[PDB]
Each structure stands twice: as structure tokens, then as C-alpha cells.
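After the C-alpha cells below, expect a handful of questions from me.
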Amino acid sequence: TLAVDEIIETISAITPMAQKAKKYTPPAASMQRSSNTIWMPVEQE
Amino acid sequence: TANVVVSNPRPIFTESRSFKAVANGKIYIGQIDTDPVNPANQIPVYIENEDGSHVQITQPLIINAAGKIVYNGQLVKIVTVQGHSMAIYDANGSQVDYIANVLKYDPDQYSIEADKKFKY
Amino acid sequence: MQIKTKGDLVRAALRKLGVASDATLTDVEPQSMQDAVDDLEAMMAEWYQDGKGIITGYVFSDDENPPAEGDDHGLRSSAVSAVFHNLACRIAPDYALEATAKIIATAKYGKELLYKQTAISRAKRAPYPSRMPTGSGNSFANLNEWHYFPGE
Amino acid sequence: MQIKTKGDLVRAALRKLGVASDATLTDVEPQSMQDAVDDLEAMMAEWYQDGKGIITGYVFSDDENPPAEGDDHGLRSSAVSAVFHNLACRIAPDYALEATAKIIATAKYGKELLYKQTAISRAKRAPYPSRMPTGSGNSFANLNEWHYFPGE
Amino acid sequence: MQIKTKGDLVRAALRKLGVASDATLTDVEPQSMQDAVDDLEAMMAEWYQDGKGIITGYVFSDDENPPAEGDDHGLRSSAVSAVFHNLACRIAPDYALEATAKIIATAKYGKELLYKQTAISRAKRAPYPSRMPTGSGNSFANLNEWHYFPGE
């Protein structure tokens, strides 16, 4: 009934996409009133 | 007008002190005020089929678990020729009841009796 | 063993009581046979407390079987004497009799012997408490970090 | 069980007393049967002190259904013997009678057996007092910042 | 319960005593009913010592109601057996009888069970004395605190 100290590891995950995706943290104080939404301009033509 | 009353014709056989049917019990019908199980005192019995065939069977009538008489696994209606005395025994073999004089007339087949009796 | 049915147990009990035996020229009455069979069923149901009492192997009849007598009781070869002696003691008061002191002593001895093996089997020791170490002498139950006993 | 109603209980008690049974040539009046069933109901209600006494499964009949006689009792297969032995003892004085020693002994044994499992269930230890600490080796308590035991 | 009146209690008492029952062939005489009702009222008033005795729910009559018999007693289901057993014991000597050992034992047991719950309720622990500190481990919890228990 007494087990042993050796966990049979099974899975191995890899995170390429979310590790090369840029992460942004806009100011939370502003975002609370702004309803979790922020606008950024687009290159002018 | 009223001509026929809805009722069931199937008899029920229960115990004497409790409300439970005499299961796999036996019925002996013989002459009045006698000992029915003695084969000398018994009288003929007849299954009255749906078409009134009157087919005779042996004496010890077997009771279902519901109190209804059976024969070959099907409920039957049983008639006699005369007033009889009844001995109802339980499955173990105990005497559930003994009655010296019981008489009940067949309620059906009035047409044939009237045919014979009344005047043309 | 020629005692194999509930009816056989009932007949032995009645003979032991003297109510209905072939050594007294009396025959068993079916009304008393049904009563004694009911008494035996109730007594064994009281003994075998739904799996926590005296284990005998006695088989309890079902209702779809109309006649209780004539069924094998299922007891082992050695429970027969205890069962029918206790039955005689139980059913004596119906006839305003008193089972003799020999029958009472045999019933007591039989009930004790009936429960003896179950008592030995149920006299089991508890596991170690979960707050009690396993020691370091138990090398295997360590180096697996089993420093304390499992418990429960 | 062949005994499935309060009337069966009373009939078994009468049979054990010897006052009446399926074999007797004289029987008791239905008024006597109703009185005995009322006594059984009173004794069962006394045993079951509104949930703080003996638990058996007895189903107390309601006045709306006319015959309290004829209702299923609801007792388990192992309580019937105790219940009707105690009933025989209780209603014996009606018939200028005194239950015999075997009946009294079986009644006492049956009542004890009836209460055994409820007694084991009610042998429950109390929680730790509100002032007893949890210790420092109590990791679960250390998580929840419980230095002292909850007082319940 | 089929016993819901003082007359029903008295009738049960007499039936137990063997004075007036259908187990025998005797009928209840109205003089016996009246005397036994008066005895029941006196015994209940003796028990319930104006609130400082046995609490049962018994409802005491008034002079305005002419027939005392015919009213509900008000007792709970579990008090009826004790009440009528003790009533039978009390009213036995009027007929130069002595209630049998079973009735005496059942009356004792019933009275004990009657007072059991009241005893559990009344087993109360008095508060701390007037000259007892409440401890330094309490004030920090209740910044107001008091240093000493009030008492009473």
C-alpha cells in the first residue's frame, strides 16, 4: 500500500507561439474605467 | 334500463385470520356435512369454459398465489352439480377452513334455463 | 446428516421437546409446523443481524416461494444441533412447556460454538496510528520518505 | 418474512403467550386485537422517543386510513422477533397471564440487539475544545492560520 | 394514536388490570370511569408540580366542563403508555387488587423515560462566580472587555 518516490512523467509541452508573442500591460487604473479596451492608431496613409 | 351489472366473477380465497390469499392451497368439495378429502364423499367438478363446455377435472383444486383457482396455468371457473361441503387446506397442509353446507348458484346462462322452463 | 430441510430442523426440535415424536406416538400437526418454521425464520434473522451477527449460511426464503418447509436450510454440518436446540427452546412456550435444562445448556453451548470462529476472525488488531513514526531501522520505509505510518 | 403487518405482530405475540393461534378452537375478539394493536403502537412510540430512542423503522399509522390494523409495520427482518416478544410480555396482563422466563429472556435479548447498532452509531467522540491549540506540526492548520481548534 | 382521551387512558388502565376488558367479558362501569378519571387528574397534578415536576403536555380540566371524560389529554405519543400504566397501578387497590409485576416494571420504566428529556434539559451548568477574572487572553480580543465575570 506504501508507494515509492518516483513520479512516472508522461507529458511534455512546448510553447513557441505564446513565448514569441509580445505581451502588453496597459495601465490598470485607466483600463478599469475604460472597460478593458484601449485604442492604438494605425500608420497614416 | 338496467339489464347487466358490471362485476367480477373470479372468486378469491384468503386465510381465516389474516388478509392474505391461500397460496398453492387445495380445495376439496364433497357431500354436505361430511369429510371431503375422503374420495368416497367427493362430487364431480367441471370447468365451465367460455362457451359452456363443462369439462371435468380431478378433485383437489389448486389455488394460485392470488387466491384464484387455476388449471394448466390459466384461471378457470369451476361449477358443481349440488350443494357441497368445502375443505380448504394451505400449502403446508394445514386446514385453513372447513364448511359443512355451502351453496351458490351460477349467475350466467339464463337463456338456456328460461328456454327449458318457460312455455312456448 | 439426514437433517437437510427447515422441516427437518422443525421436526427435530419438536421431537426434542416431546411434542411430536415417534418415541411418543404423536404426529406433527401442520399448523404447528408452519408456526415453528416462522419461529425459526425469525430467530435466524435476529441472529444474523443483516451481516453483522452469527454467520451460519442459513438461507432466508423469498416470498415468491409459497411453501417454506421443504427448503434446504443451507447450514453447515455443525450448526444443525445449535440451531434446532435453540429452536426447541424458543418454540416451547407455544405449548405451555419449558425446555429441559439439558436442552437449554445444549442451546447455550451450541450458540457459543457457532460464534467462536467468527469471533476469532473479527478479533483483529488496529493499524498503526498515523502519528506514529516508522523508525529508521525500517530502511525501505524511508528513503521513500515514509517517516510516519499511514494510519486509517 | 411471513409477519408483515401489525396484526401479524399481535397474532405472533398471542401465539407465543398461548392465548390464541391458527390451531386453537377458540379465538380472540377483534376488539381484543384492536386493543393489542393500540398497546403495540403505544409501546413502539415509547421506545422511539421522537427520534431520541430506539430506531427500528416502525411506521406509525395515521388516523385517516381507517384500520390501523392491517398496515405494514416497516420493521426490518431482524427486529420482528424482539418487537413481538416484548409485545407478548406487555399484553400478557390483559389475560390474567404472566409471560414465562424464556419469553422474558428473549425479549431482553431482542431489545438489546435492537439498540446495539444505534448505540455504536451514537458512540461518537466530541470535537477538540475551543482552547486546545492545533500545534505546529499541523500543516493543514498552519495553512489556514488556525492556531487554536474551532469550537463547535 | 388510538388513545386520545382521558376515558381512553382509563379504559386502557382497566384493561391492563383485568377489571373491565373484552379479553374478559366485563364492561366498564360509569362509577369506575368517574373514580379513575379523578385519580388520573390527581396523579397528573402530583407529577406536574405546577411546572417543577414531570412535563408531559397533560391538559388539566376546569369546573366549567361538566364531563371530565371526553376531553383530549394532550399528552404526546410517547407519554400515553407511562400515563396509563401508572394510572392502573394507582387505581388497582380500589378493587382490592395489586397490579402485577409486569405492570409495576412498565410503570417504573415509563416514568423514567418520561423524565429523561427533562433531566437532560435541566442538567445545566451555572455561570462563573462573581469573583473570577476573565483572563488576559480575552481583553485583546474584546478591547472593551471586563476583567471579572458578573456572576449570578
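Details
A, B, C, D and E are the chain letters, set down in written order, and residue numbers restart from 1 in every chain.
Here, a residue touches a chain if its C-beta (ideal position, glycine included) is under 8 Å from a C-beta of that chain, and two chains touch if they have at least 3 such contacts.
Listing every chain that touches chain A and chain D alike gives C. Each chain's centre was taken as the mean of its CA atoms, and the one lying most distant from chain E is A. When every chain is reduced to the mean of its CA atoms, the largest separation from chain B belongs to A. Distance from per-chain Cα centroids to the pooled protein Cα centroid is smallest for D. Averaged Cα coordinates give chain A a centre that lies 74 Å from the centre of chain E. If you average the CA atoms of chain B and of chain C, the two centres end up 45 Å from each other. Rounded to whole angstrom, the centroid-to-centroid distance between chain D and chain E, based on C-alpha atoms, equals 22 Å. Centre-to-centre separation between chain C and chain D, using Cα means, comes to 22 Å. Residue positions of chain A with contacts to 2 or more other chains are absent. Shared interface positions of chain C, i.e. residues touching 2 or more other chains, are given as 29, 31, 34, 68. Looking at chain B, one finds that residues 94 touch two or more other chains. Pairs of chains that satisfy the touch definition comprise A-C, B-C, B-D, C-D, D-E. Only residues 28-29, 31-32, 34-35, 37-39, 41-43, 45-46, 48-50, 52-53, 60, 68, 89-90, 92-96, 98-99 of chain D touch chain E when the two sit together in their complex. Partner chain D is touched in their complex by these residues of chain E: 1-3, 12, 15-18, 21-24, 76-78, 80-82, 84, 99-103, 106, 110, 113, 116-117. Touching chain A in their complex are the following residues of chain C: 141, 143-146, 150.
Only residues 5, 7-8, 11, 22-23, 27, 70 of chain D touch chain B when the two sit together in their complex.
Note for the complex: chain A touches chain C at residues 1-5.
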